[PDB]
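Undergrad: Return a 3D structure for these sequence lines:
(7 chains, ligands or ions: 34)
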Amino acid sequence: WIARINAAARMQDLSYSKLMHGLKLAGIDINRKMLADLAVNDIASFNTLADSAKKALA
Amino acid sequence: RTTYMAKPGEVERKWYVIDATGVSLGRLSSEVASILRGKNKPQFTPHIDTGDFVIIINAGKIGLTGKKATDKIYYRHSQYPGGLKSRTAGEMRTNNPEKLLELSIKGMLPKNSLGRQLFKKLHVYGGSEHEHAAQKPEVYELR
Amino acid sequence: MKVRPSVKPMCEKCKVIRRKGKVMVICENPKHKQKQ
Amino acid sequence: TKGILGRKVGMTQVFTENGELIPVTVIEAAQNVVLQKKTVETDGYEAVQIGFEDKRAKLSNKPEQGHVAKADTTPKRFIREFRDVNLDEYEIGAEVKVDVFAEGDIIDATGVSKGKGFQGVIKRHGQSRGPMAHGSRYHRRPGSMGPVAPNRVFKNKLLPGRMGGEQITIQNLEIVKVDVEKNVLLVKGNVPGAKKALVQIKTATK
Amino acid sequence: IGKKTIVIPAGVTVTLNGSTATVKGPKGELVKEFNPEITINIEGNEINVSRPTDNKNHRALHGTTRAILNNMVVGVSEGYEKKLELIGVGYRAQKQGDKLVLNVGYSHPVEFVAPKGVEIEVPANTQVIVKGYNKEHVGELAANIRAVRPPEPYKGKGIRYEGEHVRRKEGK
RNA sequence: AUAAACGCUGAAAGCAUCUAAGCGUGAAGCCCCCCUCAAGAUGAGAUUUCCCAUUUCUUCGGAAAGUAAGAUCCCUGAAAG
RNA sequence: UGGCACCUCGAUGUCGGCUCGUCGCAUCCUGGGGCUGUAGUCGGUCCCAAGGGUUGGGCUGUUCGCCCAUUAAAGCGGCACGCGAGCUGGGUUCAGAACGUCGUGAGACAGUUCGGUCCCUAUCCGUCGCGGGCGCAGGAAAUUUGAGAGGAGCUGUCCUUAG
Ligand SMILES: [Mg+2]
Ligand SMILES: [Mg+2]
Ligand SMILES: [Mg+2]
Ligand SMILES: [Mg+2]
Ligand SMILES: [Mg+2]
Ligand SMILES: [Mg+2]
Ligand SMILES: [Mg+2]
Ligand SMILES: [Mg+2]
Ligand SMILES: [Mg+2]
Ligand SMILES: [Mg+2]
Ligand SMILES: [Mg+2]
Ligand SMILES: [Mg+2]
Ligand SMILES: [Mg+2]
Ligand SMILES: [Mg+2]
Ligand SMILES: [Mg+2]
Ligand SMILES: [Mg+2]
Ligand SMILES: [Mg+2]
Ligand SMILES: [Mg+2]
Ligand SMILES: [Mg+2]
Ligand SMILES: [Mg+2]
Ligand SMILES: [Mg+2]
Ligand SMILES: [Mg+2]
Ligand SMILES: [Mg+2]
Ligand SMILES: [Mg+2]
Ligand SMILES: [Mg+2]
Ligand SMILES: [Mg+2]
Ligand SMILES: [Mg+2]
Ligand SMILES: [Mg+2]
Ligand SMILES: [Mg+2]
Ligand SMILES: [Mg+2]
Ligand SMILES: [Mg+2]
Ligand SMILES: [Mg+2]
Ligand SMILES: [Mg+2]
Ligand SMILES: [Zn+2]
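TA: Residues are numbered from 1 along each chain as shown, chains lettered A, B, ... in the order given. Ligands and ions are numbered 1, 2, ... in the order given. And now the structure:
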């Protein structure tokens, strides 16, 4: 799951490390299993979550 | 339960051409090995092949920092007594750049049947001309 | 040529240099040539 | 650089004009023709293909019969190639005669050795026997197979096997006399192979 | 201290193209490359060079660039030559057109041909000169000529320059 | 192309210096040259020539059943074993 | 040469020689050099170099060592002191007998002397040769490129240059 999430998040100009930090800092508590599922077959929702994580970091 | 596992032929495999002018040998090989393995896709399944095909041109201008062009040695043994042979890295870059790149990249792939299948997807040319124009490869930029 | 671990000048006109990354002395007296 | 193909006829001797007596081997080189020409634009290397003996159409098949018909001749029994040769000569279908050589040239002979069967290590590799008295029980045996530490036996540990029958070339070997009408070639010394073997004669490399 | 102030005497054509350089005088054409990290200055009759980095890996290059520009300028203007003399019985020298022969006590004559840009002339059987318009080639050709039979300390016989103090011994 | 070594030009370090940038010589040794094996080199290569596009069934995929070029069974043998 | 006592006592055969080698370089010869208290011929010492080469006998079971005659040279070491399901069995280390010496004695002595059973049909890997099968996107006949690998690699004397 971690490898899959990292691959899907590098296309948004983000590491796995930065994305996980932003998700924790934003308050979202979705585990790696559901995030990998979204990365595989709901990429739009994954991009939405990644945008929220980007907002949290800055 | 419910976790996506890919199937053979289910993922598209594309073609890339990478210019190796001035890049360090290992720093190019790491990126190429990651591309071949298929680790840049959210479809990555460890037990099958989802990676891409790679064409490397201008392998004769690959970079070697320090005194590696003369002080790095490549060894072979024929399994006959006293049959060890040596070769320096600058000599191979001058004469067989393709084999230098192939050794470097092959050392970075998994050492099993799948790794042996992945190695067959790499084409290395010492010049700037390749014969795979029928596959319509794209340009890949490093990093 | 003297190959020693203890290269050092032997008279008042010896000279110490470095060639290919190793210390050696040169003199107009050939008996004084040394290298590590 | 020149070259022909021929059969080893026999072995004899002749007297030179000086007075001395020398051994010679007789080679018959009749009926050899140029078949095909290999070029660097088509093959990657330059060579000439020569065929040696006419053979009955009963023994030849359609592929090789078409190949030889492409040069307007009858099927051949031996076909070989020569490199390092000038392609300006050798028109396709032209014949090669023994007079390409002259008395005094230095040549090379290439052929397949006489066959010795399953031979032991003393005939095959020229080993040494063990003592054959003083109580010894070791006469024509190979030897020690190696030390103990490797837990194995190395490669090139010479052992019994099939002895003869390989390709051998022996070089810098003078020519004595050429007879154009009888298509023979008297050349001084030995050549590998039994009688009726194929011998490939060509100009010395060095 | 000091490695500056190149002065072009006269009739010397000097041009700069990228990292290269190009010098022409009355003698011949000399072209060679230089590192881009050095700075080259050109005007009508003066040449100057400066080192922006000012560290060990750059001061030496500044100095050598100044030195070899001076060498190229002076070579085409005034020229370079070296002096060789042969000492000992039986050592002669003859010129076969553009070819040099030496008899230095061997069982076969040794032949030297002057390459392009240099001229070998022999005023007398026991003394030779090499001419040219660059220091490197003239010096190397003279060194190769001397290396056939270098001087020996016991009697002094051999080929040598005009200005070295070859050591002498006794050897009773 | 190099090892030990010998040099040319040359600064750092107004001189000197075989080294730092750049050139040249230099071993029975290294890589070639010479002889042999070698495409199962699964990366299975190349050239020349020969045979051609049949009939039954199949849900396609595919199968069988007579052949062409060619080869073998069987027999006479040795230059081979 | 020793110290320890970690594996082996429901067995890991020991010295020398024979057959067969392979590796290290701290190089005996041959190749290339620096210094010399190197005139020449011959040497001394150090540096690079493992490609090839490196004898036949007398004495002793001998390794070793001395000697004879040669040679360009007669290198030093590792591999279970390489190699006994490859060989020998002279030595050591079984039962017989004798000497010197020790013991009252039966006996004993890294003291000597003469004689003394060396078993095995190769399963797996390994090595040397020779075949069958399938593969190599049609089925065949020949001729070949060469990635890669193996072999070879030694050296004297005489004449001339020139007394
Ligand atoms: Mg001292
Ligand atoms: Mg014997
Ligand atoms: Mg017997
Ligand atoms: Mg093992
Ligand atoms: Mg050279
Ligand atoms: Mg050579
Ligand atoms: Mg093929
Ligand atoms: Mg018969
Ligand atoms: Mg011990
Ligand atoms: Mg204890
Ligand atoms: Mg035990
Ligand atoms: Mg047991
Ligand atoms: Mg050494
Ligand atoms: Mg020597
Ligand atoms: Mg010497
Ligand atoms: Mg040896
Ligand atoms: Mg006797
Ligand atoms: Mg040994
Ligand atoms: Mg043992
Ligand atoms: Mg032993
Ligand atoms: Mg033994
Ligand atoms: Mg054994
Ligand atoms: Mg005994
Ligand atoms: Mg007893
Ligand atoms: Mg008593
Ligand atoms: Mg008896
Ligand atoms: Mg007896
Ligand atoms: Mg006994
Ligand atoms: Mg047996
Ligand atoms: Mg087969
Ligand atoms: Mg090869
Ligand atoms: Mg192989
Ligand atoms: Mg060999
Ligand atoms: Zn001094």
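
Undergrad: ok, which stretches of chain C are strands?
TA: Assigned by DSSP state E, the strands in chain C fall at C:2-3, C:15-18, C:23-26, C:34-35.

Undergrad: Among the ones you listed, which comes closest to ligand 34?
TA: strand C:23-26 (7.4 Å; CB to the ion). For every residue, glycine as well, the C-beta is placed using N, CA and C.

Undergrad: mind checking how far the closest one is from the chain centre?
TA: In terms of CA atoms, centre = their mean, to the nearest Å, the centre of strand C:23-26 is found 3 Å from the chain centre.

Undergrad: Kindly report the same for stretch C:14-26.
TA: The mean C-alpha position of stretch C:14-26 is separated from the chain mean by 6 Å, CA atoms, centre = their mean.

Undergrad: And ligand 34, is it touching that?
TA: Yes. Stretch C:14-26 reaches ligand 34 (CB under 5 Å from the ion) through residue C:14.

Undergrad: Apart from its chain neighbours, what residue comes closest to the residue of chain E found nearest ligand 34?
TA: In chain E, the residue that lies nearest ligand 34 is residue E:167 (13.4 Å; CB to the ion). Of all residues not flanking residue E:167 in the chain, residue E:153 sits nearest, at 5.0 Å (CB to CB, 6 or more residues apart in numbering or on different chains).

Undergrad: what's the answer for residue E:41, then?
TA: Counting by CB to CB, 6+ apart, the residue nearest residue E:41 is residue E:48, at 4.2 Å.

Undergrad: Please tell me I have it right and that neighbour contacts residue E:4.
TA: Yes. When contacts are counted by CB atoms under 8 Å, residue E:48 is listed as touching residue E:4 (6.4 Å).

Undergrad: Dump the C-alpha coordinates for the lengthiest helix in chain A into CSV.
TA: Scanning chain A for the helix with the most residues, using DSSP state H, yields helix A:43-57. Provided in CSV are the C-alpha atoms of helix A:43-57 (Å, rounded to 0.1, in the frame of the first residue of the first chain):
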residue,chain,number,x,y,z
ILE,A,43,-7.9,9.0,-8.8
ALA,A,44,-10.0,12.2,-8.8
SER,A,45,-10.8,11.8,-5.1
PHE,A,46,-7.2,11.0,-4.4
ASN,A,47,-6.2,14.3,-6.1
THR,A,48,-8.8,16.1,-3.9
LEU,A,49,-7.3,14.6,-0.8
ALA,A,50,-3.8,15.5,-2.0
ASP,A,51,-4.9,19.1,-2.6
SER,A,52,-6.2,19.3,1.0
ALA,A,53,-2.9,18.0,2.2
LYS,A,54,-1.1,20.7,0.2
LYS,A,55,-3.3,23.3,1.8
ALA,A,56,-2.5,22.0,5.3
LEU,A,57,1.3,22.1,4.7
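
Undergrad: buried residues in it?
TA: Buried residues in helix A:43-57, defined by neighbour count with 16 or more other CB atoms under 10 Å in any protein chain shown: A:46, A:47, A:49, A:50, A:53, A:54.

Undergrad: sorry, back to before: out of the strands of chain C, which one sits most buried?
TA: With neighbours defined as mean count of other CB atoms under 10 Å in any protein chain shown, those peak in mean count at strand C:34-35, which reaches a mean of 18.

Undergrad: any idea how far the closest residue to residue D:189 other than its chain neighbours lies from chain A?
TA: For residue D:189, ignoring the flanking residues on the chain, the nearest one in space by CB to CB, 6+ apart is residue D:173 at 5.3 Å. Counting by CB to the nearest CB, to the nearest Å, the gap from residue D:173 to chain A is 71 Å.

Undergrad: Show me the contact partners of the helix or strand hosting residue D:173.
TA: Following DSSP states H and E, one finds residue D:173 within strand D:167-179. For strand D:167-179, contacts defined as CB atoms under 8 Å, 6 or more residues apart in numbering or on different chains pick out D:14, D:22, D:24, D:98-99, D:101-113, D:184-192, D:204-206.

Undergrad: Mind checking which of these land in strands?
TA: Short answer: those in strands (DSSP E) are D:14, D:22, D:24, D:106-112, D:184-188.

Undergrad: Among those residues, the buried ones, what's the ChimeraX command?
TA: What follows is the ChimeraX syntax selecting those of the ones in strands among the contacts of strand D:167-179 that are buried according to 16+ other CB under 10 Å:
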select /D:24,107,108,109,110,111,112,184,185,186,187,188
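
Undergrad: ok, which pair from the ones in strands among the contacts of strand D:167-179 is furthest apart?
TA: Greatest spacing in the ones in strands among the contacts of strand D:167-179, by CB to CB: D:14 and D:112 (26.6 Å).

Undergrad: Could you list every helix and strand that the one helix or strand residue A:17 maps to packs against?
TA: Taking DSSP H and E as the criterion, residue A:17 maps to helix A:16-26. Under the contact criterion of 3 or more CB pairs under 8 Å, 6 or more residues apart in numbering or on different chains; DSSP states H and E, helix A:16-26 touches helix A:2-9, helix A:43-57.

Undergrad: Which strands or helices does the shortest one pack on?
TA: This means helix A:2-9. Under the contact definition 3+ CB pairs under 8 Å, 6+ apart, helix A:2-9 sits against helix A:16-26, helix A:32-41, helix A:43-57.

Undergrad: Ok, which of the ones you listed comes nearest RNA strand F?
TA: helix A:32-41 (29.9 Å; CB to the nearest atom of the strand).

Undergrad: is that closest one anywhere near chain B?
TA: Yes. Applying CB under 8 Å from any CB of the partner chain, one finds helix A:32-41 in contact with chain B at A:33, A:36, A:37, A:39, A:40, A:41.

Undergrad: Now do stretch D:18-33: distance to the chain's middle.
TA: So, by CA atoms, centre = their mean, the centroid of stretch D:18-33 is 15 Å from its chain's centroid.

Undergrad: Only alpha carbons, please: show it as CSV.
TA: Extracted C-alpha coordinates of stretch D:18-33, given in CSV (Å, rounded to 0.1, in the frame of the first residue of the first chain):
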residue,chain,number,x,y,z
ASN,D,18,71.5,-29.9,-56.0
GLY,D,19,71.6,-33.6,-55.3
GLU,D,20,69.8,-34.0,-52.1
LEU,D,21,66.7,-36.1,-51.6
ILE,D,22,63.5,-34.7,-50.0
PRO,D,23,60.1,-36.2,-49.1
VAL,D,24,57.1,-34.8,-50.8
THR,D,25,53.3,-35.3,-50.7
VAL,D,26,51.2,-35.4,-53.8
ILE,D,27,47.9,-33.4,-54.0
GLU,D,28,45.5,-33.6,-57.0
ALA,D,29,43.4,-30.4,-57.5
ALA,D,30,41.3,-31.0,-60.6
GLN,D,31,37.8,-29.6,-61.4
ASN,D,32,37.4,-26.7,-58.9
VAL,D,33,35.3,-23.7,-59.8
